[PDB]
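**Q** One file is attached below, upload.txt, containing compact mmCIF, C-alpha atoms and all ligand atoms.
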```txt
# COMPACT_ATOMS: atom_id res chain seq x y z
CA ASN S 17 0.00 0.00 0.00
CA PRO S 18 1.07 3.71 -0.74
CA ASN S 19 1.75 5.52 2.62
CA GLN S 20 3.24 2.21 4.15
CA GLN S 21 7.08 2.32 3.95
CA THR S 22 8.62 1.87 7.49
CA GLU S 23 12.37 1.77 6.48
CA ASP S 24 14.61 3.92 4.15
CA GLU S 25 15.42 2.10 0.84
CA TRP S 26 18.62 2.82 -1.11
CA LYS S 27 19.54 1.28 -4.52
CA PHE S 28 23.01 1.42 -6.00
CA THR S 29 23.50 0.31 -9.57
CA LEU S 30 26.10 -0.17 -12.32
CA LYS S 31 25.38 -0.77 -15.95
CA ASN S 32 27.87 -1.58 -18.73
CA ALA S 33 25.72 -1.36 -21.87
CA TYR S 34 26.51 -2.24 -25.46
CA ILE S 35 23.79 -1.52 -28.00
CA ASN S 36 24.30 -2.01 -31.72
CA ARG S 37 21.68 -1.60 -34.44
CA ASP S 38 22.96 -2.77 -37.80
CA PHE S 39 20.96 -2.04 -40.98
CA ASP S 40 21.12 -4.76 -43.68
CA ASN S 41 21.20 -2.00 -46.33
CA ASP S 42 24.86 -0.65 -46.76
CA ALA S 43 23.51 2.80 -47.69
CA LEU S 44 22.27 3.32 -44.12
CA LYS S 45 24.27 4.13 -41.01
CA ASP S 46 24.61 1.69 -38.10
CA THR S 47 23.81 3.12 -34.65
CA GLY S 48 24.47 2.48 -31.03
CA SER S 49 27.06 2.96 -28.21
CA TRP S 50 29.03 1.31 -25.42
CA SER S 51 28.64 3.02 -22.10
CA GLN S 52 29.34 2.62 -18.36
CA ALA S 53 26.93 4.06 -15.78
CA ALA S 54 26.70 4.45 -11.99
CA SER S 55 23.47 5.42 -10.18
CA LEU S 56 21.99 5.92 -6.77
CA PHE S 57 18.28 6.00 -5.69
CA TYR S 58 16.98 6.99 -2.30
CA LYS S 59 13.51 6.65 -0.83
CA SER S 60 12.79 7.71 2.65
CA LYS S 61 10.53 5.98 5.09
CA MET S 62 7.37 7.94 5.79
CA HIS S 63 7.91 9.90 8.95
CA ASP S 64 5.24 10.43 11.58
CA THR S 65 4.62 14.19 12.26
CA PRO S 66 3.05 15.15 15.53
CA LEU S 67 -0.45 15.72 13.79
CA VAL S 68 -2.76 12.76 14.27
CA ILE S 69 -6.31 13.04 12.74
CA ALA S 70 -8.83 10.32 13.57
CA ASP S 71 -6.05 7.94 14.91
CA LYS S 72 -3.84 8.35 11.74
CA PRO S 73 -0.69 10.46 11.54
CA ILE S 74 0.05 13.00 8.85
CA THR S 75 3.40 11.80 7.36
CA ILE S 76 6.35 13.38 5.47
CA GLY S 77 9.18 11.97 3.40
CA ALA S 78 11.45 12.59 0.47
CA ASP S 79 13.03 10.78 -2.39
CA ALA S 80 16.00 11.59 -4.65
CA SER S 81 18.05 10.14 -7.52
CA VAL S 82 21.26 10.58 -9.49
CA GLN S 83 22.35 8.67 -12.62
CA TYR S 84 25.55 9.14 -14.59
CA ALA S 85 26.85 7.46 -17.72
CA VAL S 86 30.11 7.81 -19.75
CA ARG S 87 30.36 6.95 -23.43
CA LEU S 88 33.23 4.50 -24.13
CA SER S 89 32.89 3.71 -27.79
CA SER S 90 34.00 6.17 -30.43
CA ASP S 91 31.57 8.82 -31.72
CA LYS S 92 29.41 7.50 -34.65
CA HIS S 93 28.05 10.98 -35.22
CA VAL S 94 24.49 9.65 -35.45
CA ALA S 95 21.72 9.24 -32.90
CA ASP S 96 21.45 5.97 -31.04
CA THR S 97 18.41 6.64 -28.81
CA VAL S 98 20.50 5.66 -25.80
CA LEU S 99 22.58 8.68 -25.06
CA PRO S 100 21.88 12.26 -25.95
CA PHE S 101 22.76 13.40 -29.39
CA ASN S 102 23.67 16.94 -30.35
CA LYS S 103 21.86 17.39 -33.69
CA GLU S 104 23.58 20.62 -34.64
CA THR S 105 27.11 19.39 -34.22
CA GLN S 106 26.09 15.79 -35.10
CA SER S 107 27.86 14.40 -32.08
CA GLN S 108 26.85 11.70 -29.55
CA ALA S 109 27.34 13.06 -26.02
CA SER S 110 30.54 11.90 -24.32
CA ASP S 111 28.69 11.62 -20.93
CA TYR S 112 25.32 12.62 -19.33
CA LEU S 113 23.97 13.21 -15.87
CA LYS S 114 20.37 12.99 -14.55
CA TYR S 115 19.14 13.93 -11.07
CA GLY S 116 15.84 14.60 -9.21
CA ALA S 117 14.12 14.92 -5.84
CA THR S 118 10.64 14.35 -4.59
CA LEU S 119 8.59 15.71 -1.61
CA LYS S 120 6.10 13.24 -0.07
CA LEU S 121 3.05 13.86 2.20
CA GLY S 122 0.98 10.85 3.45
CA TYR S 123 -2.27 10.21 5.33
CA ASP S 124 -3.70 6.70 6.17
CA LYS S 125 -3.71 4.97 2.65
CA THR S 126 -2.95 8.11 0.64
CA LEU S 127 0.24 9.63 -0.57
CA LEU S 128 0.73 12.98 -2.28
CA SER S 129 4.04 13.34 -4.25
CA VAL S 130 5.53 16.50 -5.74
CA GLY S 131 8.71 16.61 -7.94
CA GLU S 132 10.27 13.60 -9.69
CA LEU S 133 7.87 10.77 -10.34
CA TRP S 134 8.65 7.21 -11.32
CA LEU S 135 5.37 6.34 -13.14
CA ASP S 136 4.28 2.88 -14.07
CA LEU S 137 1.22 3.74 -16.24
CA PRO S 138 -0.05 3.92 -19.76
CA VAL S 139 1.77 6.71 -21.57
CA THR S 140 4.29 7.20 -18.65
CA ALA S 141 5.97 3.84 -17.83
CA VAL S 142 9.26 2.33 -16.52
CA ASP S 143 11.84 2.75 -19.41
CA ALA S 144 14.92 0.71 -18.44
CA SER S 145 15.54 -0.74 -21.98
CA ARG S 146 18.80 1.18 -22.73
CA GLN S 147 21.23 3.03 -20.43
CA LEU S 148 19.85 5.69 -17.98
CA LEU S 149 16.07 5.54 -16.98
CA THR S 150 13.14 7.84 -17.91
CA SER S 151 11.46 9.75 -15.10
CA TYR S 152 8.81 12.56 -14.92
CA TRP S 153 8.17 15.79 -13.09
CA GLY S 154 4.80 16.74 -11.56
CA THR S 155 2.33 16.09 -8.78
CA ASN S 156 0.34 12.98 -8.05
CA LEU S 157 -2.09 11.53 -5.47
CA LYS S 158 -2.46 7.76 -4.77
CA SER S 159 -5.02 6.09 -2.58
CA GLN S 160 -6.22 2.57 -1.56
CA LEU S 161 -9.77 3.72 -1.27
CA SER S 162 -10.82 0.15 -0.25
CA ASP S 163 -9.56 -3.44 -0.26
CA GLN S 164 -10.65 -3.70 -3.97
CA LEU S 165 -10.35 -0.12 -5.35
CA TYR S 166 -6.98 1.68 -5.96
CA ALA S 167 -7.06 5.22 -7.56
CA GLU S 168 -4.39 7.66 -8.70
CA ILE S 169 -4.63 11.13 -10.26
CA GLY S 170 -1.79 13.45 -11.41
CA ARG S 171 -0.57 16.35 -13.45
CA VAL S 172 2.73 15.63 -15.18
CA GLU S 173 4.38 18.74 -16.59
CA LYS S 174 7.68 17.38 -17.77
CA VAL S 175 9.50 14.24 -18.87
CA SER S 176 13.27 13.47 -18.83
CA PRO S 177 13.71 10.85 -21.49
CA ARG S 178 16.07 7.85 -21.08
CA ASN S 179 18.68 9.54 -23.44
CA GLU S 180 18.50 13.08 -22.07
CA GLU S 181 19.61 15.11 -19.08
CA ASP S 182 16.92 17.66 -18.58
CA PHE S 183 13.17 17.66 -17.84
CA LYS S 184 11.25 18.99 -20.84
CA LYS S 185 7.64 19.26 -22.03
CA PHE S 186 5.97 16.30 -23.71
CA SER S 187 5.62 16.58 -27.40
CA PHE S 188 4.29 15.01 -30.60
CA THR S 189 5.86 15.26 -34.01
CA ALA S 190 4.51 14.65 -37.55
CA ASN S 191 5.66 15.50 -41.04
CA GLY S 192 8.87 16.98 -39.29
CA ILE S 193 6.73 19.48 -37.34
CA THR S 194 6.91 19.36 -33.49
CA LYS S 195 4.27 20.63 -30.99
CA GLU S 196 4.67 20.67 -27.18
CA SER S 197 2.12 20.16 -24.45
CA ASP S 198 1.68 22.12 -21.24
CA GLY S 199 0.90 18.88 -19.44
CA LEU S 200 -0.58 15.45 -18.95
CA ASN S 201 -3.61 15.26 -16.60
CA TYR S 202 -4.48 11.68 -15.79
CA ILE S 203 -6.66 9.27 -13.70
CA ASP S 204 -5.94 5.59 -13.21
CA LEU S 205 -8.31 3.16 -11.40
CA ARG S 206 -7.42 -0.48 -10.45
CA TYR S 207 -10.22 -2.81 -9.27
CA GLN S 208 -9.84 -6.33 -7.97
CA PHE S 209 -13.09 -7.94 -9.03
CA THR S 210 -12.37 -11.39 -7.57
CA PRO S 211 -9.13 -13.28 -6.49
CA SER S 212 -8.63 -14.26 -10.18
CA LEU S 213 -9.92 -11.13 -11.96
CA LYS S 214 -8.87 -7.57 -12.04
CA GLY S 215 -9.34 -4.52 -14.24
CA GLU S 216 -7.76 -1.10 -14.90
CA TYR S 217 -9.19 2.05 -16.39
CA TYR S 218 -6.94 4.98 -17.35
CA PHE S 219 -7.63 8.37 -18.80
CA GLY S 220 -4.91 10.73 -19.95
CA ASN S 221 -5.43 14.30 -21.23
CA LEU S 222 -2.21 15.20 -22.94
CA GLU S 223 -2.98 18.93 -23.39
CA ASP S 224 -3.04 20.19 -27.11
CA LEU S 225 -1.87 16.78 -28.42
CA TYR S 226 -4.43 13.93 -27.74
CA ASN S 227 -6.69 12.24 -25.20
CA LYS S 228 -6.28 8.59 -24.40
CA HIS S 229 -8.57 5.94 -22.84
CA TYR S 230 -7.37 2.51 -21.76
CA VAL S 231 -9.29 -0.47 -20.35
CA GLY S 232 -7.28 -3.51 -19.30
CA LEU S 233 -8.84 -6.79 -17.91
CA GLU S 234 -6.66 -9.61 -16.63
CA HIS S 235 -7.76 -13.05 -15.51
CA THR S 236 -5.52 -15.74 -13.96
CA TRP S 237 -6.79 -19.37 -14.05
CA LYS S 238 -4.76 -21.36 -11.47
CA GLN S 239 -4.81 -25.08 -11.80
CA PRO S 240 -2.85 -27.79 -9.96
CA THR S 241 -0.37 -28.20 -12.91
CA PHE S 242 -0.53 -24.89 -14.91
CA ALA S 243 -1.53 -21.22 -14.69
CA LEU S 244 -3.25 -19.44 -17.58
CA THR S 245 -3.10 -15.68 -17.89
CA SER S 246 -5.68 -13.93 -20.12
CA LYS S 247 -5.48 -10.34 -20.89
CA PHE S 248 -7.75 -8.02 -22.89
CA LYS S 249 -6.57 -4.60 -23.63
CA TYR S 250 -8.40 -1.62 -25.27
CA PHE S 251 -6.84 1.69 -26.16
CA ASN S 252 -8.56 4.71 -27.75
CA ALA S 253 -6.55 7.79 -28.95
CA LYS S 254 -8.06 10.96 -30.36
CA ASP S 255 -6.55 14.43 -30.88
CA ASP S 256 -7.14 17.13 -28.06
CA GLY S 257 -8.90 19.80 -29.89
CA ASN S 258 -7.29 19.62 -33.37
CA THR S 259 -3.73 19.99 -35.00
CA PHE S 260 -3.05 16.18 -35.60
CA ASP S 261 -5.96 14.08 -36.73
CA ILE S 262 -5.13 11.30 -34.22
CA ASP S 263 -7.92 8.69 -34.75
CA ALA S 264 -6.94 5.21 -33.51
CA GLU S 265 -8.08 2.20 -31.49
CA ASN S 266 -5.74 -0.67 -30.38
CA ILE S 267 -7.43 -3.85 -29.43
CA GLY S 268 -5.45 -6.75 -27.98
CA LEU S 269 -5.72 -10.25 -26.55
CA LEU S 270 -2.92 -12.16 -24.88
CA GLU S 271 -2.97 -15.67 -23.51
CA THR S 272 0.04 -16.90 -21.60
CA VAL S 273 0.49 -20.32 -19.97
CA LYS S 274 3.13 -21.33 -17.24
CA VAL S 275 3.68 -25.04 -16.80
CA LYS S 276 6.64 -26.15 -14.46
CA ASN S 277 9.50 -24.10 -16.02
CA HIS S 278 8.04 -23.33 -19.43
CA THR S 279 6.00 -20.32 -20.59
CA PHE S 280 4.03 -20.22 -23.96
CA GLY S 281 2.09 -17.17 -25.15
CA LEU S 282 -0.08 -16.28 -28.13
CA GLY S 283 -1.40 -12.83 -28.84
CA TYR S 284 -3.35 -10.80 -31.40
CA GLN S 285 -3.46 -7.05 -31.88
CA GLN S 286 -5.22 -4.75 -34.26
CA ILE S 287 -5.04 -1.04 -34.92
CA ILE S 288 -8.31 0.60 -36.16
CA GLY S 289 -9.11 4.01 -37.53
CA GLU S 290 -7.74 6.55 -39.82
CA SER S 291 -4.30 6.96 -38.11
CA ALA S 292 -1.40 4.93 -36.70
CA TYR S 293 -1.53 4.49 -32.90
CA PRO S 294 0.42 7.56 -31.46
CA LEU S 295 3.38 7.60 -29.07
CA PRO S 296 4.84 10.75 -27.57
CA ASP S 297 8.31 12.00 -28.72
CA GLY S 298 11.34 10.86 -26.70
CA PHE S 299 10.89 7.08 -27.10
CA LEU S 300 8.32 6.73 -24.29
CA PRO S 301 7.26 3.08 -24.61
CA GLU S 302 3.61 1.90 -24.19
CA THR S 303 4.34 -0.91 -21.81
CA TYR S 304 0.60 -1.78 -21.45
CA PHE S 305 0.42 -2.95 -25.02
CA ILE S 306 0.20 -6.88 -24.95
CA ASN S 307 3.82 -7.11 -26.29
CA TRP S 308 5.80 -3.76 -26.32
CA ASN S 309 8.99 -4.51 -28.37
CA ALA S 310 11.41 -2.77 -30.76
CA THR S 311 9.12 -1.71 -33.61
CA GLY S 312 5.64 -2.03 -31.97
CA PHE S 313 3.26 -3.11 -34.71
CA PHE S 314 1.15 0.08 -34.16
CA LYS S 315 0.89 1.25 -37.76
CA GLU S 316 -2.45 2.25 -39.33
CA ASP S 317 -4.68 -0.74 -39.96
CA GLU S 318 -1.95 -3.11 -38.80
CA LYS S 319 -2.96 -6.59 -37.63
CA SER S 320 -0.26 -8.62 -35.74
CA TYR S 321 0.16 -12.27 -34.53
CA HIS S 322 2.41 -12.81 -31.50
CA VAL S 323 4.03 -15.98 -30.20
CA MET S 324 6.21 -16.51 -27.16
CA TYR S 325 8.23 -19.46 -25.68
CA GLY S 326 10.20 -19.13 -22.37
CA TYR S 327 12.31 -21.56 -20.23
CA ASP S 328 13.48 -20.93 -16.73
CA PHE S 329 16.57 -23.20 -16.28
CA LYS S 330 16.65 -23.34 -12.37
CA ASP S 331 16.73 -27.26 -12.42
CA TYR S 332 19.95 -27.46 -14.70
CA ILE S 333 21.60 -23.96 -14.24
CA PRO S 334 20.32 -21.64 -11.45
CA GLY S 335 19.93 -18.04 -12.41
CA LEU S 336 19.68 -18.80 -16.16
CA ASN S 337 16.52 -18.07 -18.25
CA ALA S 338 15.76 -17.53 -21.91
CA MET S 339 12.82 -16.16 -23.88
CA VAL S 340 12.09 -16.13 -27.61
CA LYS S 341 9.20 -13.99 -29.17
CA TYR S 342 8.15 -13.77 -32.88
CA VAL S 343 5.60 -11.25 -34.37
CA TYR S 344 4.20 -10.95 -37.88
CA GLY S 345 2.24 -7.83 -38.89
CA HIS S 346 0.32 -7.11 -42.18
CA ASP S 347 -2.60 -5.16 -43.67
CA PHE S 348 -0.80 -1.83 -43.24
CA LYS S 349 0.50 0.30 -46.18
CA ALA S 350 3.87 1.75 -46.86
CA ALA S 351 4.33 5.48 -47.72
CA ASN S 352 4.05 4.68 -51.52
CA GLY S 353 0.58 3.09 -50.80
CA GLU S 354 1.82 -0.51 -51.32
CA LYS S 355 0.70 -3.37 -49.15
CA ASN S 356 3.29 -4.12 -46.49
CA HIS S 357 4.23 -6.76 -43.98
CA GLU S 358 6.88 -7.14 -41.31
CA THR S 359 8.36 -9.52 -38.76
CA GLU S 360 10.28 -9.08 -35.52
CA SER S 361 12.06 -11.80 -33.52
CA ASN S 362 13.56 -11.29 -30.06
CA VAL S 363 15.91 -13.57 -28.04
CA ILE S 364 16.42 -12.59 -24.28
CA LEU S 365 19.02 -14.43 -22.20
CA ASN S 366 19.35 -13.64 -18.40
CA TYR S 367 22.09 -15.04 -16.13
CA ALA S 368 22.11 -13.93 -12.46
CA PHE S 369 25.47 -14.97 -10.89
CA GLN S 370 25.11 -17.33 -7.93
CA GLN S 371 28.50 -17.12 -6.16
CA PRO S 372 28.23 -15.02 -2.96
CA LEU S 373 31.37 -13.06 -4.11
CA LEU S 374 29.37 -11.96 -7.16
CA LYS S 375 26.07 -11.21 -5.49
CA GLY S 376 24.04 -8.54 -7.38
CA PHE S 377 25.88 -9.09 -10.75
CA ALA S 378 23.91 -10.28 -13.76
CA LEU S 379 24.34 -10.57 -17.52
CA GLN S 380 21.69 -9.92 -20.16
CA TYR S 381 21.82 -10.40 -23.88
CA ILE S 382 19.06 -9.30 -26.27
CA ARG S 383 18.93 -10.05 -29.98
CA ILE S 384 16.45 -8.27 -32.29
CA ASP S 385 15.86 -9.12 -35.94
CA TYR S 386 13.39 -6.92 -37.88
CA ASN S 387 12.36 -7.41 -41.48
CA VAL S 388 9.84 -5.58 -43.68
CA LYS S 389 8.88 -5.80 -47.35
CA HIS S 390 9.07 -1.94 -47.82
CA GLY S 391 11.45 -0.36 -45.32
CA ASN S 392 14.74 -0.99 -43.56
CA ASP S 393 15.72 -4.44 -42.29
CA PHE S 394 18.01 -4.63 -39.23
CA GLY S 395 19.80 -6.77 -36.58
CA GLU S 396 20.33 -5.37 -33.13
CA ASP S 397 22.51 -6.66 -30.30
CA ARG S 398 22.24 -5.47 -26.70
CA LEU S 399 24.64 -6.73 -24.05
CA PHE S 400 24.49 -5.64 -20.45
CA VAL S 401 26.50 -6.27 -17.36
CA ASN S 402 24.33 -5.13 -14.45
CA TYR S 403 25.07 -4.69 -10.79
CA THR S 404 22.32 -4.00 -8.23
CA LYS S 405 22.66 -3.54 -4.50
CA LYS S 406 19.67 -2.80 -2.25
CA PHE S 407 20.19 -1.62 1.32
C1 LIG S 501 -11.79 -13.98 -27.32
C2 LIG S 501 -12.15 -12.51 -27.62
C3 LIG S 501 -13.05 -11.93 -26.53
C4 LIG S 501 -13.23 -10.41 -26.42
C5 LIG S 501 -14.19 -10.05 -25.24
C6 LIG S 501 -13.61 -9.17 -24.11
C7 LIG S 501 -13.88 -9.58 -22.64
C8 LIG S 501 -12.75 -10.43 -22.01
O1 LIG S 501 -12.75 -10.39 -20.56
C9 LIG S 501 -12.07 -11.44 -19.81
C10 LIG S 501 -12.61 -11.60 -18.37
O2 LIG S 501 -12.70 -12.98 -17.91
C11 LIG S 501 -13.11 -13.16 -16.54
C12 LIG S 501 -14.08 -14.33 -16.31
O3 LIG S 501 -14.68 -14.29 -14.98
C13 LIG S 501 -14.14 -15.21 -14.02
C14 LIG S 501 -14.15 -14.57 -12.65
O4 LIG S 501 -13.27 -15.26 -11.74
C15 LIG S 501 -13.26 -16.72 -11.60
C16 LIG S 501 -12.97 -17.12 -10.13
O5 LIG S 501 -12.81 -16.02 -9.13
CA CA S 502 25.06 -2.12 -41.57
CA CA S 503 13.35 -4.30 -46.59
```
Please render this file's structure as structure tokens.
Ligand SMILES: CCCCCCCCOCCOCCOCCOCCO
Ligand SMILES: [Ca+2]
Ligand SMILES: [Ca+2]
**A**
Amino acid sequence: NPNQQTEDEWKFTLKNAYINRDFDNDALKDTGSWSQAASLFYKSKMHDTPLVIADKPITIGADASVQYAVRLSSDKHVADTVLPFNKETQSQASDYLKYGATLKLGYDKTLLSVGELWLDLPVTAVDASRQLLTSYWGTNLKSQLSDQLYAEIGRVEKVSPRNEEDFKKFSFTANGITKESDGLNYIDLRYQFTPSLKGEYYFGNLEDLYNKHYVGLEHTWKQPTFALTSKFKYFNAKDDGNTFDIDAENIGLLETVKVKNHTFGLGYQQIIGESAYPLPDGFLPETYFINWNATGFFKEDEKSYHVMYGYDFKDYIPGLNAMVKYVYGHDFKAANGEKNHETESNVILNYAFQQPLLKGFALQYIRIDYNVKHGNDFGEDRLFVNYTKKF
């Protein structure tokens, strides 16, 4: 619950990150970097003030963060989407620094936060896919209004993307023209219908860009020998006032089964309307899609078919797991108006080291292969050496 932290929590991390996107076509330029980062995250316990109102204290705390990465590879003079890029000089940054702080005020099962926010929502999610992590600046209010109903409202004025140093306004870009928003006003509601069924409704008013509705329902069927996870997801995006002609729905179904150490998933997604499904500038991923991945399958009219196989190797090699995903998308058009289709495969290998000497170290390798009938084919490698210590 939201006003419930009794102890300070610190997190120290290290990340050595190699990302390489290689276009099949020789005419295009390969992107990426090699970087080393160090970071520290602090979250205070909630402290009892001397004001008690109906047997509950008013509470105060604070949070703060700092993240720092150095580029190690040589300058490719093209954007990678990992580290900042100076577009004028055409230079990848040689290093970048993020920091933030947050004021907290709590009462009973409510927590008001002002400053840096780590959001885990539609539009504003966790983005840990590259080097440093996206955060947000604004005010929000969270409450466990009952055993079954959780609510949260907020106004988010600024975003600091994963590859940038500063907090800036949200924006949307089309046809090489950029417009900014004064803010995102949102509500998110999470209802536990039964032990096996829950739902989420979200509404986001991204001022002067677009308004977004999301309904998510998730059911978990537990059996003696397997567990089946069913998800239905509905998104609706429409422009706020005018400027863009955003007109899109994204409907999705995912079914995932865990048996002993195996995982198998199938999904389907469809985009409907007169536009592609929109994402804000600055690579903000939509993590509540059934399968957020490298390319997204969110193009206008696009239907996609998703398959997933996973093995957790704890019985042969502890700390090792692997996951393979394959998506095919069709019924969208290229820019020339020609019928298009595309595929994306992912391979994800995780190894957490088990020797006590090496506690908190892990390795991760990610392989992406994208292909498209009209467009640019590529292969991407991502290799991470991670260290995490929690105290
Ligand atoms: C196959 C395409 C269907 C599209 C229709 C959308 C609705 C899907 O909602 C899934 C909800 O399933 C929950 C079933 O209720 C069981 C309640 O819990 C059982 C024991 O507590
Ligand atoms: Ca190449
Ligand atoms: Ca191609």
**Q** Mind dumping a table of every chain S residue within 10 Å of ligand CA 502 (chain S), with the nearest atom pair and its distance in Å to one decimal, using all atoms listed in the file, sorted by chain and rising number, as a Markdown table?
**A**
```
| residue | atom | partner | partner_atom | distance |
| --- | --- | --- | --- | --- |
| S:36 | CA | S:CA502 | CA | 9.9 |
| S:37 | CA | S:CA502 | CA | 7.9 |
| S:38 | CA | S:CA502 | CA | 4.4 |
| S:39 | CA | S:CA502 | CA | 4.1 |
| S:40 | CA | S:CA502 | CA | 5.2 |
| S:41 | CA | S:CA502 | CA | 6.1 |
| S:42 | CA | S:CA502 | CA | 5.4 |
| S:43 | CA | S:CA502 | CA | 8.0 |
| S:44 | CA | S:CA502 | CA | 6.6 |
| S:45 | CA | S:CA502 | CA | 6.3 |
| S:46 | CA | S:CA502 | CA | 5.2 |
| S:47 | CA | S:CA502 | CA | 8.8 |
| S:393 | CA | S:CA502 | CA | 9.7 |
| S:394 | CA | S:CA502 | CA | 7.8 |
| S:395 | CA | S:CA502 | CA | 8.6 |
```
**Q** Sort by chain and increasing residue number a table of all residues of chain S within 7 Å of ligand CA 503 (chain S), each with its closest pair of atoms and their distance in Å to one decimal, counting only C-alpha atoms and all ligand atoms, and write it as a Markdown table.
**A**
```
| residue | atom | partner | partner_atom | distance |
| --- | --- | --- | --- | --- |
| S:387 | CA | S:CA503 | CA | 6.1 |
| S:388 | CA | S:CA503 | CA | 4.7 |
| S:389 | CA | S:CA503 | CA | 4.8 |
| S:390 | CA | S:CA503 | CA | 5.0 |
| S:391 | CA | S:CA503 | CA | 4.6 |
| S:392 | CA | S:CA503 | CA | 4.7 |
| S:393 | CA | S:CA503 | CA | 4.9 |
```
**Q** What are the nearest atom pairs, with distances in Å to one decimal, for all residues of chain S that come at most 10 Å from ligand LIG 501 (chain S), using all atoms listed in the file, set out by chain and rising residue number as a tab-separated table?
**A**
```
residue	atom	partner	partner_atom	distance
S:209	CA	S:LIG501	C14	7.6
S:210	CA	S:LIG501	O5	4.9
S:211	CA	S:LIG501	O5	5.3
S:212	CA	S:LIG501	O5	4.7
S:213	CA	S:LIG501	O4	5.3
S:214	CA	S:LIG501	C11	8.3
S:215	CA	S:LIG501	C10	8.8
S:232	CA	S:LIG501	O1	8.9
S:233	CA	S:LIG501	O1	5.9
S:234	CA	S:LIG501	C10	6.5
S:235	CA	S:LIG501	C11	5.4
S:236	CA	S:LIG501	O4	8.1
S:237	CA	S:LIG501	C15	7.4
S:238	CA	S:LIG501	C16	9.3
S:245	CA	S:LIG501	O2	10.0
S:246	CA	S:LIG501	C9	6.9
S:247	CA	S:LIG501	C9	6.8
S:248	CA	S:LIG501	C8	5.6
S:249	CA	S:LIG501	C6	8.4
S:250	CA	S:LIG501	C6	9.2
S:267	CA	S:LIG501	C4	9.3
S:268	CA	S:LIG501	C4	8.7
S:269	CA	S:LIG501	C2	6.9
S:270	CA	S:LIG501	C1	9.4
S:271	CA	S:LIG501	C1	9.8
S:284	CA	S:LIG501	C2	9.7
```
**Q** Nearest to residue 218 of chain S: which of S:138, S:120, S:158, S:128 is it, counting all atoms listed in the file?
**A**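 Result for the nearest residue to residue 218 of chain S: S:138.
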**Q** List the spatial neighbours of segment 362-365 of chain S as number ranges by chain - criterion: any atom at most 12 Å away, all atoms listed in the file, same-chain residues fewer than 5 positions off excluded.
**A** S: 307-311, 322-329, 335-343, 378-386, 395-400
**Q** Using only C-alpha atoms, which residue out of S:240, S:18, S:192, S:131 lies closest to residue 168 of chain S?
**A**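 For residue 168 of chain S, the nearest of the given residues is S:18.
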**Q** Which residue gives the smallest distance to residue 204 of chain S among S:288, S:183, S:167, S:188, with only C-alpha atoms counted?
**A**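 For residue 204 of chain S, the nearest of the given residues is S:167.
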**Q** Can you give me N, CA, C and O atoms for segment 308-316 of chain S, written as a short mmCIF file (atom, residue, chain, number, x, y, z; two decimals), keeping the file's coordinate frame?
**A**
```
data_model
loop_
_atom_site.label_atom_id
_atom_site.label_comp_id
_atom_site.auth_asym_id
_atom_site.auth_seq_id
_atom_site.Cartn_x
_atom_site.Cartn_y
_atom_site.Cartn_z
N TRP S 308 4.94 -4.93 -25.91
CA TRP S 308 5.80 -3.76 -26.32
C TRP S 308 7.24 -4.29 -26.72
O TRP S 308 7.77 -5.14 -26.09
N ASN S 309 7.75 -3.92 -27.87
CA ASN S 309 8.99 -4.51 -28.37
C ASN S 309 9.67 -3.41 -29.20
O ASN S 309 9.38 -2.22 -29.01
N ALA S 310 10.55 -3.77 -30.13
CA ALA S 310 11.41 -2.77 -30.76
C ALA S 310 10.74 -1.84 -31.73
O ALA S 310 11.16 -0.74 -31.87
N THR S 311 9.72 -2.36 -32.47
CA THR S 311 9.12 -1.71 -33.61
C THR S 311 7.57 -1.48 -33.38
O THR S 311 7.03 -0.45 -33.77
N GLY S 312 6.89 -2.38 -32.67
CA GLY S 312 5.64 -2.03 -31.97
C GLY S 312 4.25 -2.50 -32.55
O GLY S 312 3.26 -2.64 -31.82
N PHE S 313 4.30 -2.64 -33.87
CA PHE S 313 3.26 -3.11 -34.71
C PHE S 313 2.03 -2.21 -34.50
O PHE S 313 0.94 -2.74 -34.30
N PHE S 314 2.24 -0.88 -34.48
CA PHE S 314 1.15 0.08 -34.16
C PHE S 314 0.76 0.93 -35.41
O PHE S 314 0.14 1.96 -35.35
N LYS S 315 1.14 0.49 -36.58
CA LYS S 315 0.89 1.25 -37.76
C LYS S 315 -0.61 1.12 -38.19
O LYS S 315 -1.32 0.18 -37.81
N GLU S 316 -1.02 2.11 -38.97
CA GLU S 316 -2.45 2.25 -39.33
C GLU S 316 -2.99 1.00 -40.00
O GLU S 316 -2.46 0.55 -41.01
#
```
